[PDB]
>>> print(open('coords.cif').read())   # mmCIF, C-alpha atoms and all ligand atoms
data_data
loop_
_atom_site.group_PDB
_atom_site.id
_atom_site.type_symbol
_atom_site.label_atom_id
_atom_site.label_comp_id
_atom_site.auth_asym_id
_atom_site.auth_seq_id
_atom_site.Cartn_x
_atom_site.Cartn_y
_atom_site.Cartn_z
ATOM 1 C CA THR A 1 -6.291 -22.670 16.157
ATOM 2 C CA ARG A 2 -3.410 -20.523 17.423
ATOM 3 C CA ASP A 3 -1.637 -20.464 14.061
ATOM 4 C CA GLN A 4 -2.122 -17.084 12.426
ATOM 5 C CA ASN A 5 0.598 -17.184 9.757
ATOM 6 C CA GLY A 6 -0.630 -15.532 6.605
ATOM 7 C CA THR A 7 -1.174 -12.514 4.427
ATOM 8 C CA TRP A 8 -4.471 -11.039 5.423
ATOM 9 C CA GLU A 9 -6.532 -8.518 3.500
ATOM 10 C CA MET A 10 -8.977 -6.241 5.206
ATOM 11 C CA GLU A 11 -12.525 -7.254 4.372
ATOM 12 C CA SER A 12 -14.296 -4.695 6.542
ATOM 13 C CA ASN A 13 -13.376 -2.001 9.046
ATOM 14 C CA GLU A 14 -15.646 -0.609 11.769
ATOM 15 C CA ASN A 15 -15.113 2.469 13.961
ATOM 16 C CA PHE A 16 -11.501 2.782 12.798
ATOM 17 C CA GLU A 17 -12.237 6.483 13.054
ATOM 18 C CA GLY A 18 -13.136 6.256 16.744
ATOM 19 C CA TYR A 19 -10.005 4.287 17.530
ATOM 20 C CA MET A 20 -7.657 6.834 15.980
ATOM 21 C CA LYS A 21 -9.506 9.744 17.621
ATOM 22 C CA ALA A 22 -8.862 8.007 20.936
ATOM 23 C CA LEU A 23 -5.177 7.797 19.995
ATOM 24 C CA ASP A 24 -5.184 11.584 19.362
ATOM 25 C CA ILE A 25 -4.372 11.071 15.683
ATOM 26 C CA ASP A 26 -4.878 14.219 13.568
ATOM 27 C CA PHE A 27 -7.752 14.908 11.141
ATOM 28 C CA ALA A 28 -5.534 14.845 8.033
ATOM 29 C CA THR A 29 -4.042 11.490 8.888
ATOM 30 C CA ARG A 30 -7.515 10.136 9.660
ATOM 31 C CA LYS A 31 -9.308 11.156 6.443
ATOM 32 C CA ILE A 32 -6.607 9.359 4.482
ATOM 33 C CA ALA A 33 -6.518 6.303 6.726
ATOM 34 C CA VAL A 34 -10.252 5.716 6.332
ATOM 35 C CA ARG A 35 -9.890 5.550 2.590
ATOM 36 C CA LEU A 36 -7.366 2.675 2.645
ATOM 37 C CA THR A 37 -7.301 -1.123 2.699
ATOM 38 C CA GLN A 38 -5.050 -2.689 5.289
ATOM 39 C CA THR A 39 -2.924 -5.747 4.694
ATOM 40 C CA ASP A 40 -1.593 -7.638 7.699
ATOM 41 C CA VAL A 41 1.329 -9.967 7.156
ATOM 42 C CA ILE A 42 2.045 -12.305 10.072
ATOM 43 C CA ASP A 43 5.082 -14.540 10.314
ATOM 44 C CA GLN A 44 4.806 -16.773 13.398
ATOM 45 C CA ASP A 45 7.088 -19.478 14.841
ATOM 46 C CA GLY A 46 5.375 -20.770 17.946
ATOM 47 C CA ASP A 47 5.562 -17.882 20.380
ATOM 48 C CA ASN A 48 7.662 -15.802 17.954
ATOM 49 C CA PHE A 49 5.676 -13.152 16.026
ATOM 50 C CA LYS A 50 6.584 -10.784 13.215
ATOM 51 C CA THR A 51 3.743 -8.492 12.104
ATOM 52 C CA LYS A 52 3.522 -5.916 9.302
ATOM 53 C CA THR A 53 0.388 -3.827 8.565
ATOM 54 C CA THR A 54 0.404 -1.903 5.299
ATOM 55 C CA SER A 55 -2.251 0.557 4.164
ATOM 56 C CA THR A 56 -2.889 0.694 0.400
ATOM 57 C CA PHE A 57 -4.818 3.164 -1.742
ATOM 58 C CA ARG A 58 -4.888 1.819 -5.299
ATOM 59 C CA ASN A 59 -3.310 -0.862 -7.455
ATOM 60 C CA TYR A 60 -2.327 -0.477 -11.061
ATOM 61 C CA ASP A 61 -1.407 -3.807 -12.705
ATOM 62 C CA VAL A 62 -0.513 -4.192 -16.368
ATOM 63 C CA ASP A 63 0.651 -7.347 -18.125
ATOM 64 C CA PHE A 64 2.008 -7.066 -21.626
ATOM 65 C CA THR A 65 4.314 -8.312 -24.332
ATOM 66 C CA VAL A 66 6.500 -5.731 -26.041
ATOM 67 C CA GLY A 67 5.270 -5.205 -29.606
ATOM 68 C CA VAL A 68 1.845 -6.775 -29.059
ATOM 69 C CA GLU A 69 -0.724 -4.069 -28.872
ATOM 70 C CA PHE A 70 -3.412 -4.591 -26.258
ATOM 71 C CA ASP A 71 -6.736 -3.218 -24.988
ATOM 72 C CA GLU A 72 -6.392 -1.587 -21.577
ATOM 73 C CA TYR A 73 -9.138 -0.463 -19.162
ATOM 74 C CA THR A 74 -7.700 2.012 -16.698
ATOM 75 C CA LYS A 75 -9.946 1.028 -13.827
ATOM 76 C CA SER A 76 -8.488 2.477 -10.591
ATOM 77 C CA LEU A 77 -7.299 5.453 -12.636
ATOM 78 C CA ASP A 78 -9.533 7.401 -14.996
ATOM 79 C CA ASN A 79 -11.445 4.262 -15.959
ATOM 80 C CA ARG A 80 -11.005 4.772 -19.707
ATOM 81 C CA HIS A 81 -10.373 2.351 -22.530
ATOM 82 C CA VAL A 82 -7.153 2.756 -24.436
ATOM 83 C CA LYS A 83 -5.259 0.848 -26.999
ATOM 84 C CA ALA A 84 -1.754 0.264 -25.715
ATOM 85 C CA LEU A 85 1.549 -0.627 -27.385
ATOM 86 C CA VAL A 86 4.930 -0.962 -25.732
ATOM 87 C CA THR A 87 8.189 -0.902 -27.668
ATOM 88 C CA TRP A 88 11.900 -0.509 -27.131
ATOM 89 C CA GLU A 89 13.582 2.730 -28.132
ATOM 90 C CA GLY A 90 17.084 1.682 -27.174
ATOM 91 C CA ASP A 91 17.340 1.317 -23.427
ATOM 92 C CA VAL A 92 13.843 2.795 -23.068
ATOM 93 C CA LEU A 93 10.503 1.009 -22.638
ATOM 94 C CA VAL A 94 8.034 3.264 -24.439
ATOM 95 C CA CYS A 95 4.271 2.928 -24.199
ATOM 96 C CA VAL A 96 1.690 4.713 -26.292
ATOM 97 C CA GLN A 97 -1.914 4.561 -25.129
ATOM 98 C CA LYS A 98 -4.262 5.432 -27.961
ATOM 99 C CA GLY A 99 -7.763 6.682 -27.206
ATOM 100 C CA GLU A 100 -9.408 9.953 -26.166
ATOM 101 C CA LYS A 101 -6.384 11.663 -24.579
ATOM 102 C CA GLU A 102 -3.655 13.173 -26.736
ATOM 103 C CA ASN A 103 -0.015 12.369 -26.005
ATOM 104 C CA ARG A 104 -1.033 9.766 -23.398
ATOM 105 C CA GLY A 105 1.593 7.181 -22.436
ATOM 106 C CA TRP A 106 4.722 6.372 -20.445
ATOM 107 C CA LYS A 107 8.469 5.692 -20.613
ATOM 108 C CA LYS A 108 10.315 3.331 -18.283
ATOM 109 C CA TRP A 109 14.121 2.940 -18.289
ATOM 110 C CA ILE A 110 17.101 1.997 -16.074
ATOM 111 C CA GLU A 111 20.112 4.235 -15.459
ATOM 112 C CA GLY A 112 22.659 3.064 -12.916
ATOM 113 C CA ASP A 113 20.983 1.843 -9.751
ATOM 114 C CA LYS A 114 17.759 3.673 -10.541
ATOM 115 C CA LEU A 115 14.467 3.194 -12.395
ATOM 116 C CA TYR A 116 13.035 6.165 -14.300
ATOM 117 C CA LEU A 117 9.389 6.579 -15.145
ATOM 118 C CA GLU A 118 7.904 9.374 -17.208
ATOM 119 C CA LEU A 119 4.124 9.573 -17.267
ATOM 120 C CA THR A 120 2.532 11.721 -19.946
ATOM 121 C CA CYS A 121 -0.908 12.944 -20.762
ATOM 122 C CA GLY A 122 -1.524 15.942 -22.991
ATOM 123 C CA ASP A 123 1.154 18.471 -22.115
ATOM 124 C CA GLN A 124 1.543 17.238 -18.551
ATOM 125 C CA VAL A 125 4.664 15.195 -17.796
ATOM 126 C CA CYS A 126 5.084 13.459 -14.437
ATOM 127 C CA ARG A 127 8.542 12.199 -13.690
ATOM 128 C CA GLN A 128 9.336 9.616 -11.023
ATOM 129 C CA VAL A 129 12.552 8.005 -9.874
ATOM 130 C CA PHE A 130 12.836 4.738 -8.003
ATOM 131 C CA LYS A 131 15.521 2.902 -6.014
ATOM 132 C CA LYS A 132 15.676 -0.899 -5.811
ATOM 133 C CA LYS A 133 14.442 -2.524 -2.614
ATOM 134 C CA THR B 1 20.241 -2.500 -19.304
ATOM 135 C CA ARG B 2 16.849 -3.708 -20.639
ATOM 136 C CA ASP B 3 16.524 -5.924 -17.590
ATOM 137 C CA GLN B 4 14.046 -4.087 -15.347
ATOM 138 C CA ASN B 5 13.214 -6.836 -12.833
ATOM 139 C CA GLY B 6 12.964 -5.774 -9.275
ATOM 140 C CA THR B 7 10.935 -4.213 -6.563
ATOM 141 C CA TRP B 8 11.352 -0.483 -6.826
ATOM 142 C CA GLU B 9 10.509 2.262 -4.325
ATOM 143 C CA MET B 10 9.887 5.854 -5.274
ATOM 144 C CA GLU B 11 12.358 8.450 -4.052
ATOM 145 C CA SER B 12 10.904 11.296 -6.106
ATOM 146 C CA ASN B 13 7.684 12.220 -7.869
ATOM 147 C CA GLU B 14 7.584 15.373 -9.972
ATOM 148 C CA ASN B 15 4.298 16.910 -11.187
ATOM 149 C CA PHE B 16 2.055 13.953 -10.203
ATOM 150 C CA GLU B 17 -0.767 16.430 -9.719
ATOM 151 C CA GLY B 18 -0.483 18.024 -13.169
ATOM 152 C CA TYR B 19 -0.503 14.589 -14.740
ATOM 153 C CA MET B 20 -3.500 13.601 -12.611
ATOM 154 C CA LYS B 21 -5.531 16.647 -13.567
ATOM 155 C CA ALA B 22 -4.747 15.935 -17.184
ATOM 156 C CA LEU B 23 -6.163 12.419 -16.873
ATOM 157 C CA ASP B 24 -9.309 13.948 -15.281
ATOM 158 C CA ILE B 25 -8.719 12.237 -11.961
ATOM 159 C CA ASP B 26 -11.020 13.727 -9.332
ATOM 160 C CA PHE B 27 -9.803 16.320 -6.828
ATOM 161 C CA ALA B 28 -10.226 14.311 -3.602
ATOM 162 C CA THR B 29 -8.355 11.352 -5.043
ATOM 163 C CA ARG B 30 -5.524 13.617 -6.272
ATOM 164 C CA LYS B 31 -5.057 14.945 -2.758
ATOM 165 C CA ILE B 32 -4.723 11.475 -1.221
ATOM 166 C CA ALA B 33 -2.607 10.126 -4.085
ATOM 167 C CA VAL B 34 -0.153 12.992 -3.923
ATOM 168 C CA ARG B 35 0.457 12.143 -0.254
ATOM 169 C CA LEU B 36 1.444 8.472 -0.865
ATOM 170 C CA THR B 37 4.644 6.706 -1.767
ATOM 171 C CA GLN B 38 4.783 4.270 -4.638
ATOM 172 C CA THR B 39 6.232 0.826 -5.214
ATOM 173 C CA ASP B 40 6.559 -0.764 -8.633
ATOM 174 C CA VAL B 41 7.048 -4.502 -8.745
ATOM 175 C CA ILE B 42 8.412 -5.544 -12.073
ATOM 176 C CA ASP B 43 8.433 -9.136 -13.245
ATOM 177 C CA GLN B 44 10.140 -9.401 -16.618
ATOM 178 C CA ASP B 45 10.902 -12.344 -18.868
ATOM 179 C CA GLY B 46 12.412 -11.485 -22.219
ATOM 180 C CA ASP B 47 9.548 -9.258 -23.415
ATOM 181 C CA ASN B 48 6.927 -10.565 -21.043
ATOM 182 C CA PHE B 49 6.127 -7.910 -18.452
ATOM 183 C CA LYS B 50 4.117 -8.191 -15.273
ATOM 184 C CA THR B 51 3.936 -4.802 -13.572
ATOM 185 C CA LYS B 52 2.274 -3.983 -10.281
ATOM 186 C CA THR B 53 2.134 -0.480 -8.856
ATOM 187 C CA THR B 54 0.906 0.127 -5.303
ATOM 188 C CA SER B 55 0.131 3.379 -3.510
ATOM 189 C CA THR B 56 1.045 3.217 0.148
ATOM 190 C CA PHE B 57 0.473 5.355 3.218
ATOM 191 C CA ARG B 58 1.960 4.498 6.604
ATOM 192 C CA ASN B 59 3.007 1.030 7.759
ATOM 193 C CA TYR B 60 3.179 -0.573 11.149
ATOM 194 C CA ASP B 61 5.561 -3.364 12.010
ATOM 195 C CA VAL B 62 5.845 -4.959 15.435
ATOM 196 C CA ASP B 63 7.851 -7.991 16.617
ATOM 197 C CA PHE B 64 7.275 -9.901 19.831
ATOM 198 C CA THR B 65 7.386 -13.186 21.668
ATOM 199 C CA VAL B 66 4.150 -14.128 23.431
ATOM 200 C CA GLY B 67 4.396 -13.818 27.207
ATOM 201 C CA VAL B 68 7.392 -11.462 27.055
ATOM 202 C CA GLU B 69 6.795 -7.792 27.853
ATOM 203 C CA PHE B 70 8.527 -5.165 25.742
ATOM 204 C CA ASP B 71 8.648 -1.405 25.352
ATOM 205 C CA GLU B 72 6.731 -0.518 22.168
ATOM 206 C CA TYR B 73 7.439 2.960 20.805
ATOM 207 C CA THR B 74 4.617 3.666 18.356
ATOM 208 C CA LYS B 75 6.827 5.533 15.857
ATOM 209 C CA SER B 76 4.549 6.558 12.939
ATOM 210 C CA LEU B 77 1.331 6.212 14.907
ATOM 211 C CA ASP B 78 0.799 8.380 18.001
ATOM 212 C CA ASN B 79 4.454 8.262 18.962
ATOM 213 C CA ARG B 80 4.080 6.961 22.506
ATOM 214 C CA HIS B 81 5.920 4.423 24.627
ATOM 215 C CA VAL B 82 3.910 1.533 26.067
ATOM 216 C CA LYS B 83 4.810 -1.626 27.936
ATOM 217 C CA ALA B 84 3.255 -4.304 25.727
ATOM 218 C CA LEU B 85 2.490 -7.847 26.715
ATOM 219 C CA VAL B 86 1.003 -10.391 24.370
ATOM 220 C CA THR B 87 -0.643 -13.480 25.858
ATOM 221 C CA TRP B 88 -3.098 -16.170 24.844
ATOM 222 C CA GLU B 89 -6.638 -16.269 26.094
ATOM 223 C CA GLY B 90 -7.632 -19.544 24.445
ATOM 224 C CA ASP B 91 -7.393 -19.059 20.678
ATOM 225 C CA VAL B 92 -7.356 -15.267 21.056
ATOM 226 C CA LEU B 93 -4.069 -13.358 20.917
ATOM 227 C CA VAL B 94 -4.421 -10.541 23.412
ATOM 228 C CA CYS B 95 -2.227 -7.516 23.784
ATOM 229 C CA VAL B 96 -2.409 -5.066 26.599
ATOM 230 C CA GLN B 97 -0.524 -1.843 26.073
ATOM 231 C CA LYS B 98 0.282 -0.323 29.470
ATOM 232 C CA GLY B 99 0.772 3.407 28.980
ATOM 233 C CA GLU B 100 -0.938 6.794 29.146
ATOM 234 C CA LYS B 101 -4.225 5.673 27.617
ATOM 235 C CA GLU B 102 -6.644 3.352 29.408
ATOM 236 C CA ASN B 103 -7.906 0.148 27.774
ATOM 237 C CA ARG B 104 -5.256 0.337 25.113
ATOM 238 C CA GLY B 105 -4.472 -2.822 23.239
ATOM 239 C CA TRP B 106 -5.742 -5.330 20.765
ATOM 240 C CA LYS B 107 -7.057 -8.809 20.005
ATOM 241 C CA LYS B 108 -6.214 -11.073 17.028
ATOM 242 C CA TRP B 109 -8.006 -14.382 16.326
ATOM 243 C CA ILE B 110 -8.931 -16.708 13.429
ATOM 244 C CA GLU B 111 -12.490 -18.062 12.887
ATOM 245 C CA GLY B 112 -12.575 -20.183 9.736
ATOM 246 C CA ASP B 113 -11.510 -18.344 6.599
ATOM 247 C CA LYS B 114 -11.202 -15.068 8.501
ATOM 248 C CA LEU B 115 -8.875 -13.217 10.868
ATOM 249 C CA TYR B 116 -10.674 -11.019 13.409
ATOM 250 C CA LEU B 117 -8.921 -7.975 14.891
ATOM 251 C CA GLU B 118 -10.076 -5.701 17.789
ATOM 252 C CA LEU B 119 -8.252 -2.415 18.434
ATOM 253 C CA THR B 120 -9.162 -0.623 21.629
ATOM 254 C CA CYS B 121 -8.307 2.631 23.320
ATOM 255 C CA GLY B 122 -10.254 4.442 26.016
ATOM 256 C CA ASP B 123 -13.908 3.777 25.359
ATOM 257 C CA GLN B 124 -13.595 2.947 21.651
ATOM 258 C CA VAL B 125 -13.584 -0.400 19.926
ATOM 259 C CA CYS B 126 -12.588 -0.940 16.310
ATOM 260 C CA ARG B 127 -13.489 -4.243 14.669
ATOM 261 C CA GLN B 128 -11.715 -5.504 11.555
ATOM 262 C CA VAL B 129 -12.068 -8.684 9.520
ATOM 263 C CA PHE B 130 -9.439 -10.127 7.188
ATOM 264 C CA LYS B 131 -9.155 -12.728 4.446
ATOM 265 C CA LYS B 132 -6.519 -15.356 3.729
ATOM 266 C CA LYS B 133 -4.438 -14.822 0.560
HETATM 267 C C1 LIG C 1 5.212 1.327 -15.776
HETATM 268 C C2 LIG C 1 4.461 1.896 -14.674
HETATM 269 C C3 LIG C 1 3.373 2.636 -14.896
HETATM 270 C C4 LIG C 1 2.898 2.873 -16.300
HETATM 271 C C5 LIG C 1 2.656 3.227 -13.751
HETATM 272 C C6 LIG C 1 1.534 3.920 -13.827
HETATM 273 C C7 LIG C 1 1.062 4.449 -12.558
HETATM 274 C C8 LIG C 1 0.210 5.473 -12.561
HETATM 275 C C9 LIG C 1 -0.263 6.059 -13.859
HETATM 276 C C10 LIG C 1 -0.247 6.047 -11.292
HETATM 277 C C11 LIG C 1 -1.485 5.811 -10.913
HETATM 278 C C12 LIG C 1 -2.085 6.346 -9.681
HETATM 279 C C13 LIG C 1 -2.786 7.477 -9.788
HETATM 280 C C14 LIG C 1 -2.908 8.147 -11.119
HETATM 281 C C15 LIG C 1 -3.471 8.106 -8.605
HETATM 282 C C16 LIG C 1 -3.889 6.974 -7.683
HETATM 283 C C17 LIG C 1 -2.652 6.222 -7.219
HETATM 284 C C18 LIG C 1 -1.914 5.579 -8.388
HETATM 285 C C19 LIG C 1 -0.436 5.515 -8.010
HETATM 286 C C20 LIG C 1 -2.472 4.189 -8.670
#
>>> encode(input="coords.cif", output="structure tokens", more="lines below")
Ligand SMILES: *C/C=C(C)/C=C/C=C(C)/C=C/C1=C(C)CCCC1(C)C
Amino acid sequence: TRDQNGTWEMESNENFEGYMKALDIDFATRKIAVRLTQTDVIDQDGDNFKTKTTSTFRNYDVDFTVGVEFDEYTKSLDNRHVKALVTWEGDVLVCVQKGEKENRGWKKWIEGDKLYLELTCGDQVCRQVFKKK
Amino acid sequence: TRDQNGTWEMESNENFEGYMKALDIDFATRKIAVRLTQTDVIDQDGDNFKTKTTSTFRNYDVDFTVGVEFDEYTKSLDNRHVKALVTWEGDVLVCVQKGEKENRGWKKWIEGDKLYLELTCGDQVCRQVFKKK
């Protein structure tokens, strides 16, 4: 077949390092690049091609129901088992992850056009802000 | 609002490293992770939440019609101009990238469940294999 439409996930990657070295791509960009999965999305109408290649590091999925506490394995992250509960404090999605780490959790809330995410573990607070795409 | 649906992209990320040390995430991983941008896909139904967070390095999009030559500026990659032509050699999509480097181009083709991709430059060949999703 000539029909390549799809979302394609890298299964294996050989001498990627050689190919970038030939492109004169720098060492810092290369040591990252070799630690990533590529995803190629191809949208194709006969001779018309649209191609997007993304390079991922890790994926953190969580499915939950507010108020229903759940067992979470943080594979991808620190690979620990916690005991998670998400509730509403007003506008704010609050999650408490019980386990070995003190003060471990997160807050997620909307203000205006933006999403706010506070990540907390111990006395470290990471704050992130997102725009809609 | 409590409605958090959307596909969100990070515009800032404060103290991701402090948070990551706190979790006991390893050094090498922290150094990659800190150099990525994040996307949170949020699927929300009442109190049902499906959350997916990706970490993402560089992307590469390219649009073309087969048989029509175009100037491809590899913004992001090596930042060079090439005259790129994509043709069919049987079931194999073949791109030659006329520019500074010799033997610069690639080959896409499907064989069964898999997409096969060859990237070449100079005297280097990179093989990749992908999976339908
Ligand atoms: C509601 C969204 C939440 C709770 C997002 C959590 C995301 C993280 C805790 C970030 C995880 C990552 C690291 C700690 C380093 C590796 C890359 C990430 C982004 C998966």
>>> resolve_selection(input="coords.cif", expression="the PyMOL selection byres (((chain A and resi 112) around 12) and not hetatm)", output="list in words")
residues 91, 109, 110, 111, 113, 114, 115, 116, 129, 130, 131 and 132 of chain A; 1, 2, 3 and 4 of chain B
>>> atom_distance(input="coords.cif", atom1="atom CA of residue A:66", atom2="atom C17 of ligand LIG 1 (chain C)")
24.1 Å
>>> residues_around(input="coords.cif", residues="residue A:119", least_positions_apart="3", cutoff="6 Å", atoms="only C-alpha atoms", output="JSON, numbers by chain")
{"A": [106, 125, 126]}
>>> axis_aligned_box(input="coords.cif", around="ligand LIG 1 (chain C)", padding_each_side="3 Å", output="JSON")
{"center_x": 0.7, "center_y": 4.7, "center_z": -11.8, "size_x": 15.1, "size_y": 12.8, "size_z": 15.1}
>>> residues_near_ligand(input="coords.cif", ligand="ligand LIG 1 (chain C)", cutoff="7 Å", atoms="all atoms listed in the file", output="ChimeraX atom specification")
/A:57-60,76-77,106,108,117,119 /B:20,29-30,33,38,40,51,53-55
>>> closest_residue(input="coords.cif", among="B:6, B:73, B:102, B:64", to="residue B:85", atoms="only C-alpha atoms")
B:64
>>> resolve_selection(input="coords.cif", expression="the PyMOL selection byres (((chain A and resi 22) around 10) and not hetatm)", output="list in words")
residues 17, 18, 19, 20, 21, 23, 24 and 25 of chain A; 101, 102, 104, 120, 121, 122, 123, 124 and 125 of chain B
>>> atom_distance(input="coords.cif", atom1="atom CA of residue A:8", atom2="atom CA of residue A:133")
22.2 Å
